[PDB]
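S.K.: PDB, C-alpha atoms, file final16.pdb:
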ATOM      1  CA  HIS A   1       0.000   0.000   0.000
ATOM      2  CA  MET A   2       1.788   3.163  -1.301
ATOM      3  CA  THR A   3       1.569   5.886  -3.918
ATOM      4  CA  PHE A   4       4.249   8.343  -5.031
ATOM      5  CA  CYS A   5       2.168   9.992  -7.693
ATOM      6  CA  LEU A   6       1.605  13.600  -6.764
ATOM      7  CA  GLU A   7       0.906  15.488  -9.978
ATOM      8  CA  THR A   8      -1.534  12.802 -10.945
ATOM      9  CA  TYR A   9      -3.955  14.122  -8.336
ATOM     10  CA  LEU A  10      -3.837  17.471 -10.072
ATOM     11  CA  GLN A  11      -4.904  15.644 -13.264
ATOM     12  CA  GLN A  12      -7.827  14.324 -11.364
ATOM     13  CA  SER A  13      -8.995  17.377  -9.492
ATOM     14  CA  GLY A  14      -6.417  19.607  -7.911
ATOM     15  CA  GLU A  15      -2.877  19.696  -6.666
ATOM     16  CA  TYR A  16      -1.950  19.246  -2.999
ATOM     17  CA  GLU A  17       1.719  18.522  -3.197
ATOM     18  CA  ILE A  18       4.733  20.112  -4.813
ATOM     19  CA  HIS A  19       6.285  18.686  -8.013
ATOM     20  CA  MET A  20       8.985  16.948  -6.068
ATOM     21  CA  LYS A  21       8.478  13.437  -4.769
ATOM     22  CA  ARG A  22       5.741  12.282  -2.483
ATOM     23  CA  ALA A  23       6.035   9.223  -0.360
ATOM     24  CA  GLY A  24       2.570   8.214   0.516
ATOM     25  CA  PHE A  25       2.835   4.749   1.937
ATOM     26  CA  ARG A  26       0.101   4.619   4.531
ATOM     27  CA  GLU A  27      -1.266   8.095   3.767
ATOM     28  CA  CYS A  28      -2.101   6.595   0.350
ATOM     29  CA  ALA A  29      -5.447   5.563   1.941
ATOM     30  CA  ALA A  30      -5.901   8.923   3.572
ATOM     31  CA  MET A  31      -5.305  10.924   0.367
ATOM     32  CA  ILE A  32      -8.253   9.216  -1.277
ATOM     33  CA  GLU A  33     -10.508  10.162   1.628
ATOM     34  CA  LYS A  34      -8.870  13.589   2.090
ATOM     35  CA  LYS A  35     -10.278  14.600  -1.235
ATOM     36  CA  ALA A  36     -13.748  14.554   0.277
ATOM     37  CA  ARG A  37     -13.331  16.847   3.248
ATOM     38  CA  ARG A  38     -10.587  16.169   5.684
ATOM     39  CA  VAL A  39      -9.747  12.791   6.961
ATOM     40  CA  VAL A  40      -7.571  11.407   9.644
ATOM     41  CA  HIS A  41      -5.629   8.281   9.011
ATOM     42  CA  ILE A  42      -4.415   6.122  11.817
ATOM     43  CA  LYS A  43      -0.948   4.620  11.324
ATOM     44  CA  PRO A  44       0.291   7.032   8.632
ATOM     45  CA  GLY A  45       3.627   6.319   6.927
ATOM     46  CA  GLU A  46       4.048   8.957   4.427
ATOM     47  CA  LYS A  47       6.386  11.791   3.785
ATOM     48  CA  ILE A  48       5.019  14.385   1.570
ATOM     49  CA  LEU A  49       7.742  16.149  -0.476
ATOM     50  CA  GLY A  50       9.939  16.419   2.557
ATOM     51  CA  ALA A  51       8.022  19.543   3.440
ATOM     52  CA  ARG A  52       4.273  19.984   3.121
ATOM     53  CA  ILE A  53       3.656  22.210   0.156
ATOM     54  CA  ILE A  54       0.192  22.145  -1.304
ATOM     55  CA  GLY A  55       1.190  24.175  -4.323
ATOM     56  CA  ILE A  56      -2.121  25.893  -4.130
ATOM     57  CA  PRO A  57      -2.214  29.121  -2.013
ATOM     58  CA  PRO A  58      -4.012  28.051   1.175
ATOM     59  CA  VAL A  59      -4.913  29.494   4.531
ATOM     60  CA  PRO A  60      -1.748  29.094   6.690
ATOM     61  CA  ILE A  61      -3.507  28.088   9.896
ATOM     62  CA  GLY A  62      -2.969  24.756  11.543
ATOM     63  CA  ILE A  63      -2.588  22.974  14.817
ATOM     64  CA  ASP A  64       0.099  20.307  14.491
ATOM     65  CA  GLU A  65       0.639  18.652  17.832
ATOM     66  CA  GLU A  66       2.699  15.524  17.508
ATOM     67  CA  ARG A  67       3.174  12.835  14.894
ATOM     68  CA  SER A  68       1.740  10.347  17.308
ATOM     69  CA  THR A  69      -1.186  12.634  17.757
ATOM     70  CA  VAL A  70      -3.493  14.327  15.272
ATOM     71  CA  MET A  71      -2.663  17.449  13.426
ATOM     72  CA  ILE A  72      -5.587  19.721  12.850
ATOM     73  CA  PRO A  73      -4.698  21.958   9.891
ATOM     74  CA  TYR A  74      -6.817  24.898   8.958
ATOM     75  CA  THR A  75      -5.418  25.139   5.574
ATOM     76  CA  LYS A  76      -8.058  25.738   2.982
ATOM     77  CA  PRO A  77      -6.911  24.356  -0.350
ATOM     78  CA  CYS A  78      -8.655  23.220  -3.475
ATOM     79  CA  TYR A  79      -8.410  19.599  -2.397
ATOM     80  CA  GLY A  80      -9.086  18.846   1.246
ATOM     81  CA  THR A  81      -7.328  18.618   4.542
ATOM     82  CA  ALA A  82      -4.994  15.935   5.907
ATOM     83  CA  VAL A  83      -5.114  14.775   9.463
ATOM     84  CA  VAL A  84      -2.701  12.067  10.447
ATOM     85  CA  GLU A  85      -2.272  10.266  13.766
ATOM     86  CA  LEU A  86       0.244   7.634  14.543
ATOM     87  CA  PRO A  87      -0.623   5.264  17.486
ATOM     88  CA  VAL A  88       3.034   4.359  17.514
ATOM     89  CA  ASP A  89       5.708   6.559  19.113
ATOM     90  CA  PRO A  90       7.382   9.448  17.169
ATOM     91  CA  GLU A  91      10.288   6.989  16.773
ATOM     92  CA  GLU A  92       8.898   6.559  13.304
ATOM     93  CA  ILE A  93      10.199  10.085  12.588
ATOM     94  CA  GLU A  94      13.708   8.652  12.156
ATOM     95  CA  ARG A  95      12.630   6.731   9.093
ATOM     96  CA  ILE A  96      10.448   9.624   8.084
ATOM     97  CA  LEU A  97      13.538  11.879   8.016
ATOM     98  CA  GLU A  98      15.102   9.533   5.472
ATOM     99  CA  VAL A  99      11.820   8.793   3.728
ATOM    100  CA  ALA A 100      11.472  12.640   3.173
ATOM    101  CA  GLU A 101      11.921  11.823  -0.423
ATOM    102  CA  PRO A 102      12.923   8.185  -1.220
TER
END
Can you turn what I pasted into structure tokens?

M.R.:
Amino acid sequence: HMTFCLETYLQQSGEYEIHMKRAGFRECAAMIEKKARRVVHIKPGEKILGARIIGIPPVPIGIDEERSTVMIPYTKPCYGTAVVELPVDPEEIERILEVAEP
């Protein structure tokens, strides 16, 4: 379960990533649901572009707590919002640092 296609979402509806490299392993499920409104995905394993860039000018508000907690972004794009929550410790961040862009 994984998808690295970013610009393909643009071809479908709208962009939500930067034309870099997205690593959406577990968030691959979330992205599908994120298109609807805003969805939280438990056990995320993505790394979007290394840095989260929607590409579309959004509202820069957001409450990111921890990786092992939900992040409640108030970014209004032309796609949807991403909420991720890992039930595992932020120890996953070590891989995530590398997985920034595989």

S.K.: Quick one, how far is CA of residue 88 (chain A) from CA of residue 7 (chain A)?

M.R.: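 Straight-line distance from CA of residue 88 (chain A) to CA of residue 7 (chain A) works out to 29.7 Å.
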
S.K.: What is the distance, in Å and to one decimal place, between CA of residue 39 (chain A) and CA of residue 81 (chain A)?

M.R.: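 Taking CA of residue 39 (chain A) as the start and CA of residue 81 (chain A) as the end point, the length is 6.8 Å.
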
S.K.: Using only C-alpha atoms, which residue out of A:37, A:47, A:95, A:1 lies closest to residue 17 (chain A)?

M.R.: A:47

S.K.: Since I can't run it myself right now, could you work out what the PyMOL selection byres ((chain A and resi 23) around 12) selects here and report it as number ranges by chain?

M.R.: A: 1-6, 17-18, 20-22, 24-28, 31, 44-52, 95-102

S.K.: Would you mind reading off the distance between CA of residue 55 (chain A) and CA of residue 71 (chain A), one decimal, in Å?

M.R.: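 Taking CA of residue 55 (chain A) and CA of residue 71 (chain A), their separation equals 19.4 Å.
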
S.K.: Can you list, as number ranges by chain, the residues that the PyMOL selection byres ((chain A and resi 63) around 8) selects here?

M.R.: A: 61-62, 64-65, 71-74

S.K.: Please provide as number ranges by chain all residues within 12 Å of residue 89 (chain A), with the sequence filter that same-chain residues fewer than 4 positions apart are discarded (counting only C-alpha atoms).

M.R.: A: 43-44, 66-69, 85, 93-94

S.K.: Can you tell me, as a PyMOL selection string, what residues are no more than 10 Å from residue 35 (chain A) when counting all atoms listed in the file, ignoring any on the same chain fewer than 6 positions away?

M.R.: chain A and resi 9+13-14+16+78-82

S.K.: What box, with edges along x, y and z, holds each listed atom of region 79-95 of chain A when 3 Å is added on every side, and can you state its centre and edge lengths in Å to one decimal, as JSON?

M.R.:
{"center_x": 2.3, "center_y": 12.0, "center_z": 8.4, "size_x": 28.8, "size_y": 21.2, "size_z": 27.5}

S.K.: Ranking A:53, A:75, A:92, A:84 by minimum distance to residue 19 (chain A) and counting all atoms listed in the file, which one comes first?

M.R.: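 Answer, going by the shortest atom-to-atom distance: A:53.
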
S.K.: Can you rebuild region 55-88 of chain A with N, CA and C atoms and give it as an mmCIF file, in the frame of the given file?

M.R.:
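Done, and the output landed in rebuild-v1.cif:
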data_model
loop_
_atom_site.group_PDB
_atom_site.id
_atom_site.type_symbol
_atom_site.label_atom_id
_atom_site.label_comp_id
_atom_site.auth_asym_id
_atom_site.auth_seq_id
_atom_site.Cartn_x
_atom_site.Cartn_y
_atom_site.Cartn_z
ATOM 1 N N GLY A 55 1.015 23.673 -2.975
ATOM 2 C CA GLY A 55 1.190 24.175 -4.323
ATOM 3 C C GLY A 55 0.107 25.169 -4.657
ATOM 4 N N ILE A 56 -0.996 25.022 -3.992
ATOM 5 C CA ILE A 56 -2.121 25.893 -4.130
ATOM 6 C C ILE A 56 -2.077 26.821 -2.930
ATOM 7 N N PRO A 57 -2.202 28.148 -3.123
ATOM 8 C CA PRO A 57 -2.214 29.121 -2.013
ATOM 9 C C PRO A 57 -3.358 28.831 -1.030
ATOM 10 N N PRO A 58 -3.036 28.376 0.185
ATOM 11 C CA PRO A 58 -4.012 28.051 1.175
ATOM 12 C C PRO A 58 -4.011 29.028 2.357
ATOM 13 N N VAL A 59 -4.844 28.736 3.310
ATOM 14 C CA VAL A 59 -4.913 29.494 4.531
ATOM 15 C C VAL A 59 -3.873 28.866 5.463
ATOM 16 N N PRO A 60 -2.893 29.629 5.929
ATOM 17 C CA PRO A 60 -1.748 29.094 6.690
ATOM 18 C C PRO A 60 -2.026 28.841 8.184
ATOM 19 N N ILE A 61 -3.184 28.332 8.509
ATOM 20 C CA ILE A 61 -3.507 28.088 9.896
ATOM 21 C C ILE A 61 -3.435 26.587 10.130
ATOM 22 N N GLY A 62 -3.016 26.163 11.287
ATOM 23 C CA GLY A 62 -2.969 24.756 11.543
ATOM 24 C C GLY A 62 -2.426 24.443 12.907
ATOM 25 N N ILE A 63 -2.952 23.404 13.493
ATOM 26 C CA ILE A 63 -2.588 22.974 14.817
ATOM 27 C C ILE A 63 -1.918 21.593 14.739
ATOM 28 N N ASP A 64 -0.630 21.569 14.528
ATOM 29 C CA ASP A 64 0.099 20.307 14.491
ATOM 30 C C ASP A 64 0.686 20.034 15.863
ATOM 31 N N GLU A 65 0.211 18.982 16.486
ATOM 32 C CA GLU A 65 0.639 18.652 17.832
ATOM 33 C C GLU A 65 1.848 17.734 17.865
ATOM 34 N N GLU A 66 1.658 16.522 17.470
ATOM 35 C CA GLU A 66 2.699 15.524 17.508
ATOM 36 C C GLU A 66 2.434 14.606 16.344
ATOM 37 N N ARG A 67 3.363 13.753 16.013
ATOM 38 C CA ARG A 67 3.174 12.835 14.894
ATOM 39 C C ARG A 67 2.307 11.684 15.382
ATOM 40 N N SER A 68 2.479 11.371 16.628
ATOM 41 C CA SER A 68 1.740 10.347 17.308
ATOM 42 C C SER A 68 0.473 10.907 17.955
ATOM 43 N N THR A 69 -0.012 11.928 17.359
ATOM 44 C CA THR A 69 -1.186 12.634 17.757
ATOM 45 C C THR A 69 -1.730 13.234 16.460
ATOM 46 N N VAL A 70 -2.929 13.740 16.463
ATOM 47 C CA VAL A 70 -3.493 14.327 15.272
ATOM 48 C C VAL A 70 -2.960 15.727 15.041
ATOM 49 N N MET A 71 -3.015 16.125 13.815
ATOM 50 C CA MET A 71 -2.663 17.449 13.426
ATOM 51 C C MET A 71 -3.917 18.012 12.816
ATOM 52 N N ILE A 72 -4.360 19.116 13.309
ATOM 53 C CA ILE A 72 -5.587 19.721 12.850
ATOM 54 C C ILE A 72 -5.263 20.972 12.029
ATOM 55 N N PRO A 73 -5.035 20.837 10.725
ATOM 56 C CA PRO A 73 -4.698 21.958 9.891
ATOM 57 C C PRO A 73 -5.926 22.738 9.447
ATOM 58 N N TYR A 74 -5.781 24.024 9.400
ATOM 59 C CA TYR A 74 -6.817 24.898 8.958
ATOM 60 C C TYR A 74 -6.344 25.575 7.708
ATOM 61 N N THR A 75 -5.878 24.745 6.838
ATOM 62 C CA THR A 75 -5.418 25.139 5.574
ATOM 63 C C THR A 75 -6.529 24.887 4.595
ATOM 64 N N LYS A 76 -6.995 25.910 3.932
ATOM 65 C CA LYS A 76 -8.058 25.738 2.982
ATOM 66 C C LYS A 76 -7.495 25.704 1.571
ATOM 67 N N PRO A 77 -7.378 24.519 0.983
ATOM 68 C CA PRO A 77 -6.911 24.356 -0.350
ATOM 69 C C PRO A 77 -8.064 24.051 -1.305
ATOM 70 N N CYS A 78 -7.717 23.577 -2.450
ATOM 71 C CA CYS A 78 -8.655 23.220 -3.475
ATOM 72 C C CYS A 78 -8.662 21.695 -3.604
ATOM 73 N N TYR A 79 -8.499 21.046 -2.470
ATOM 74 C CA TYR A 79 -8.410 19.599 -2.397
ATOM 75 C C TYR A 79 -9.137 19.075 -1.146
ATOM 76 N N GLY A 80 -8.550 19.313 0.001
ATOM 77 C CA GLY A 80 -9.086 18.846 1.246
ATOM 78 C C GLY A 80 -8.026 18.945 2.301
ATOM 79 N N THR A 81 -8.293 18.499 3.480
ATOM 80 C CA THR A 81 -7.328 18.618 4.542
ATOM 81 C C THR A 81 -6.844 17.228 5.017
ATOM 82 N N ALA A 82 -5.607 17.167 5.474
ATOM 83 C CA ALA A 82 -4.994 15.935 5.907
ATOM 84 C C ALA A 82 -4.779 15.934 7.397
ATOM 85 N N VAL A 83 -5.296 14.944 8.052
ATOM 86 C CA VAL A 83 -5.114 14.775 9.463
ATOM 87 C C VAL A 83 -4.480 13.407 9.630
ATOM 88 N N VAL A 84 -3.369 13.334 10.278
ATOM 89 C CA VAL A 84 -2.701 12.067 10.447
ATOM 90 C C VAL A 84 -2.468 11.840 11.932
ATOM 91 N N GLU A 85 -2.535 10.594 12.375
ATOM 92 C CA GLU A 85 -2.272 10.266 13.766
ATOM 93 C C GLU A 85 -1.647 8.897 13.869
ATOM 94 N N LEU A 86 -0.465 8.860 14.384
ATOM 95 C CA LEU A 86 0.244 7.634 14.543
ATOM 96 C C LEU A 86 0.031 7.111 15.977
ATOM 97 N N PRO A 87 -0.437 5.861 16.147
ATOM 98 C CA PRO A 87 -0.623 5.264 17.486
ATOM 99 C C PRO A 87 0.686 4.664 18.012
ATOM 100 N N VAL A 88 1.703 4.806 17.214
ATOM 101 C CA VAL A 88 3.034 4.359 17.514
ATOM 102 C C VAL A 88 3.794 5.604 17.972
#
